[PDB]
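Trainee: Structure provided below as structure tokens; questions to follow.
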Amino acid sequence: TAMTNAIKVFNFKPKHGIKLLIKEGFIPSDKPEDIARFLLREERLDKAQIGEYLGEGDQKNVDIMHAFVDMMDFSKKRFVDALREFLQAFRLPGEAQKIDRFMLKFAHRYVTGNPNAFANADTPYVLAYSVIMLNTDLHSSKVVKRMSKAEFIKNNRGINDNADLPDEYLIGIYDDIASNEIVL
Amino acid sequence: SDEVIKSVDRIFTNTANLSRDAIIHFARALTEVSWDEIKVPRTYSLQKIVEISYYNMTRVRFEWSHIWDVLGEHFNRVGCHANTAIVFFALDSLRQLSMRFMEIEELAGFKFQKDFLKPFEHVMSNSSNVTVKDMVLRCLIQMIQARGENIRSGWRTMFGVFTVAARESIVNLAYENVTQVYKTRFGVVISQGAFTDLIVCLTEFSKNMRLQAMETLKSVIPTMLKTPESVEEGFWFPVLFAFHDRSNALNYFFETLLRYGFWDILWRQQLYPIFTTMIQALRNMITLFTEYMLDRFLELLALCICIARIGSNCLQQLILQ
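Going down the list, the sequences are from chains A and B. Residue numbers for the first sequence, in the entry's author numbering: 630 to 813. Residue numbers for the second sequence, in the entry's author numbering: 1065 to 1104, 1111 to 1238, 1242 to 1283, 1289 to 1307, 1338 to 1353, 1364 to 1379, 1386 to 1399, 1423 to 1437, 1444 to 1459, 1465 to 1479.
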């Protein structure tokens, strides 16, 4: 019979919305685990706003976004599909620092869930920037020049402990990018 | 001049706002001018490189790695320089910059600190000077004492420095510090996937001849295996690769063969000891029986040996046993 209007507070004021939301309803404790649980599980909250809040540089926010990234699972899943799942839970902000903070933990979670896919956790990170750049480039008609496969492979040369990734992996990633656009 | 100095300071203070393709060129230009200055002997350019490195700690991580791909190269060039004072200044400032770096909160599984500390390994493996290596060890150990708790994913190259400093004192100090680290932060070392590097460093101390060798012989297998209640197989691999490759460690390999007395992969490296003193090793190999699939290849190994006369005299006895 209440709490329905509590969601709308976060949609414009993130810190105010959270600091008002905790005292009633869900979230028994201010610990990052519970707030991440509610943030992923509950809809009707702005994806861009939660992306901005989780990507914030505050230590508590960064712990909460650790919890949120860990809560999703990418074990025994393709890198492209894992990235799509990662981006399908929130809308990433436009700040370079926030994207970096998100995508670092994305790569770390993918490695700790799907080991032996890449030699070091730096490789999924670099591949994640490369694939997001290719997604932005391919599905945008704002540029007449077209991004091809050979140029993409050349751009992704020696990104796995200065050793080239398998060509078929990149071909599959390119085909998945061409299939559809990663959308919020 | 007030305005000129303000402008020259703001040029470097504005480095954090440059784009990637621009900051890379800035780094390369500063590297080139710094090398030009060092070759002729001021270090103002080096000081500015250090200041830029301080200003770019907060930069996006992959852009920072690309920047370090040239800054660390310049630091390697400076470390190999023949001027003791300049190398000491560069290493001291790299120590300070590393203490600043470690607070970056690197996630486990990454390799940023490992790549950032690479210049120390390069200086250790590419400098011919006892005092330079001693300074590198001293700064690394000051790092251990000061910001050891934050060392995450940076232990790989930072034991690489120790295991490269296993050659001549330098070795005494290096072994003492490795022993302290192993006996104080073993959980941390194994947590960040540095177990293999720790084992390699210890077995490189052991493999090194010319007292400390005996101490690390007793501190590599005996005191380690008791602590963990690829940890075991990746332990026995370096034991093989260094113990049997003087006579004291050679035999101690054979007397440690029997301590433990998965099997397929362990057998794959079991050929190498066989294919001198290896007679005792082969006797221990048969004693290892303390299983059917082993018999497909153990007789093959036994017959492979048939110096030759005594080898076959051992062959007959071992086949009988």
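Every residue, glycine too, gets a C-beta built ideally from N, C-alpha and C.
Compare the C-beta of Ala750/A against all C-beta atoms of chain B and say whether one is closer than 8 Å.
Mentor: True, the Cβ-Cβ gap to chain B drops below 8 Å.
Trainee: Return helix, strand or coil for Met1213/B, following the three-state DSSP convention.
Mentor: Looking at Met1213/B - three-state DSSP - the assignment turns out to be helix.
Trainee: Expressed to the nearest angstrom, what Euclidean distance is found between the alpha-carbon atoms of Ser1065/B and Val1072/B?
Mentor: Each residue's Cα considered, the two are about 11 Å apart.
Trainee: Is the Cβ-Cβ distance between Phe1278/B and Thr1269/B less than 8 Å?
Mentor: No, they are not a contact pair.
Trainee: What are the boundary residues of the alpha helix (DSSP H) that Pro1111/B is part of?
Mentor: Neither: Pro1111/B is in no alpha helix (DSSP H) and is coded neither H nor E.
Trainee: Should residue 821/A be flagged as near chain B, meaning a C-beta pair shorter than 8 Å?
Mentor: Here chain A covers residues 630 to 813 and nothing more, so residue 821/A does not appear.
Trainee: So which of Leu1289/B, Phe1372/B, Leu1435/B and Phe1450/B has the shortest CA-CA distance to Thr1423/B?
Mentor: Checked all of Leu1289/B, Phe1372/B, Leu1435/B and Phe1450/B; the closest Cα to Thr1423/B is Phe1372/B.
Trainee: Inspect the CB distances between the region 1168-1175 of chain B and the region 1193-1207 of chain B and report whether three or more fall short of 8 Å.
Mentor: Output reads no: the region 1193-1207 of chain B does not touch the region 1168-1175 of chain B.
Trainee: Can you give me the C-alpha to C-alpha distance between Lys734/A and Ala677/A, rounded to a whole angstrom?
Mentor: So the alpha carbons of these two residues sit roughly 18 Å apart.
Trainee: Going by DSSP, what residue range makes up the alpha helix (DSSP H) through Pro1346/B?
Mentor: Per DSSP, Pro1346/B belongs to the alpha helix (DSSP H) from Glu1341 to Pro1346.
Trainee: Going by C-alpha to C-alpha distance, which of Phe1132/B, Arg1131/B and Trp1099/B sits closest to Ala1152/B?
Mentor: When each option's Cα is compared against that of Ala1152/B, the closest is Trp1099/B.
Trainee: Just to make sure I have the definition right: I need the residues of chain B whose C-beta is within less than 7 Å of the C-beta of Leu733/A. Which are they?
Mentor: Correct list: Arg1131 and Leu1177.
Trainee: Quick check: what's the CA-CA separation for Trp1344/B versus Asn1126/B?
Mentor: If you take the alpha carbons of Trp1344/B and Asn1126/B, they lie about 42 Å apart.
Trainee: Taking the C-alpha atoms as reference points, what is the distance between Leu1429/B and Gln1290/B?
Mentor: So the alpha carbons of these two residues sit roughly 29 Å apart.
Trainee: I believe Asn749/A touches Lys1181/B by the beta-carbon criterion, under 8 Å. Please report the beta-carbon distance rounded to the nearest angstrom.
Mentor: Going by Cβ atoms, the distance from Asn749/A to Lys1181/B rounds to 5 Å, so yes, they are a contact pair.
Trainee: To the nearest angstrom, report how far apart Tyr739/A and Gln1166/B are at their CA atoms.
Mentor: Distance between the alpha carbons of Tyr739/A and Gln1166/B is about 33 Å.
Trainee: Taking Cβ to Cβ, would you say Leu767/A is nearer than 8 Å to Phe719/A?
Mentor: Contact flag unset, no.
Trainee: Does any CB atom of chain B fall closer than 8 Å to the CB of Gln717/A?
Mentor: It does not: the Cβ of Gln717/A has no partner Cβ on chain B nearer than 8 Å.
Trainee: Going straight from the alpha carbon of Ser1115/B to that of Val1097/B, what length do you get?
Mentor: Rounded to whole angstroms, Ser1115/B to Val1097/B spans 7 Å at the Cα level.
Trainee: Do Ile1299/B and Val1254/B come within 8 Å of each other at the CB atom, strictly closer than that value?
Mentor: No, the Cβ-Cβ distance between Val1254/B and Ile1299/B is not below 8 Å.
Trainee: What is the rounded straight-line gap between the Cα of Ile1119/B and the Cα of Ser1197/B?
Mentor: Each residue's Cα considered, the two are about 22 Å apart.
Trainee: Does any residue of chain B bring its CB to less than 8 Å from the CB of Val760/A?
Mentor: Chain B contact via Cβ: absent.
Trainee: Starting from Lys774/A and walking both ways along the alpha helix (DSSP H), at which residues does that stretch end?
Mentor: Neither: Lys774/A is in no alpha helix (DSSP H) and is coded neither H nor E.
Trainee: Express the C-alpha separation of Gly1342/B and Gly742/A in angstroms, rounding to a whole number.
Mentor: Taking the straight line joining both Cα atoms gives about 22 Å.
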